[PDB]
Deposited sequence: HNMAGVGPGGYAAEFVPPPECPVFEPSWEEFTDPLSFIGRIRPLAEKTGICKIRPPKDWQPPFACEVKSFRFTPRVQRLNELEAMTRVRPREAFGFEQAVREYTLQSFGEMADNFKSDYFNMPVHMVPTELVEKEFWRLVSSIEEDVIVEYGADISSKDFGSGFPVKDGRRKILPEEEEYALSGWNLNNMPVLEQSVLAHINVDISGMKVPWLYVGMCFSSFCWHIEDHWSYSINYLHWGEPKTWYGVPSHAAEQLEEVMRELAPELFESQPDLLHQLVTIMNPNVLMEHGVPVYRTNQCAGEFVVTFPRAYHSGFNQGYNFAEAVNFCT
């Protein structure tokens, strides 16, 4: 039985007036978006930040991901890439896998095949993900008035924009920098919520889409119950922070157990916001570059 795509999460296309600052905007859309857990925000057409990473020196060692590791119950993350060599590897993998040019593969087919492979015992597909790359190391994808890189006049607006993830409020009231993600086809992240039940905001700088699944916070405990019922007994009793490292689950399984799930394809230039305690997971459609930070209101 092929994967059944969840219903689409809300997409907002704010006018220039509505696009003034993310905190007020998110506060206004909250009555709807908090009921879907995730939402997508498309900035105004002419809002186009230039990519500000130091591409020359950008070197990283991605983590190895075996899609079917859970159903199955010795390759190591030793390959260093540049942005360019990782992209060459990623495009070659996808075009060879589907036997067509990377841009011609329908998003629905990568989605269907991802979930098939995750549960397949007969085919072992292994991919790589440049995840947990700190923006402190090679710079943010957004221009920043840091002095490490030069900002042109046309760039300054973006260095100062409230939608530059480096300008999000990250301190919590009591008595953090953006992270970068270099994706390839089928690279993925399991179901999780954020430390402190924080919001997260996610920007796809460039590349092929990032496919998301989200669960509203009112269903958080229902998801956690389904996860405990169906998780391997050896992982059933693990603390949430550790269990979240292996909480891979087909969205249709959650949907069959009454958990509301919403999906979206995040395209280049679009934001995805996750709300407090909104479980989310996803996978990349192909070579892409994302930036994400947690924030509190």
Q: Point out each run of deposited residues with no C-alpha coordinates, keeping the order of the sequence.
A: 1 to 12, 86 to 95, 198 to 208
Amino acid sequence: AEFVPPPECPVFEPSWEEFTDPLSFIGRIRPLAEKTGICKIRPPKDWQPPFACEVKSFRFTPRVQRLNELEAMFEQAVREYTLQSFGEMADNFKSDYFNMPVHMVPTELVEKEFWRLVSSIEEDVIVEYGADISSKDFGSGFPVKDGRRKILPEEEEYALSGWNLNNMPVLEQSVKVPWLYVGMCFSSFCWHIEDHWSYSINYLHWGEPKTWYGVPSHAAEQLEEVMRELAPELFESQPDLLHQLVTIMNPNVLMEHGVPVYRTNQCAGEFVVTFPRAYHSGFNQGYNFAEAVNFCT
From here on, numbers count along this sequence of modelled residues.
Q.
Quick check on the record: does 101 to 109 or 130 to 138 carry the larger mean Cα temperature factor?
A. 130 to 138
**Q.** Comparing 149 to 157 with 165 to 173, the one whose average Cα B-factor in the PDB entry is higher
**A.** 149 to 157
Q. Highest CA temperature factor in the entry: which of 278, 273, 9, 23?
A. 23
Q: Please pick out which of 29, 268, 246, 231 has the largest Cα B-factor as recorded in the entry.
A: 231
(Q) Lowest, middle or highest third: which one holds residue 37 when the chain's residues are ordered by CA B-factor from the entry? (A) lowest
Q.
Which third, lowest, middle or highest, does the C-alpha temperature factor of residue 76 belong to within its own chain?
A. highest
Q | Chain third (lowest, middle, highest) by recorded CA B-factor, residue given as residue 57 | A | highest
Q. Ranked by Cα temperature factor within the chain, is residue 201 in the lowest third, the middle third or the highest third?
A. lowest
Q.
When the deposited Cα B-factors of this chain's modelled residues are ordered and cut into thirds, is residue 239 in the lowest, the middle or the highest one?
A. highest
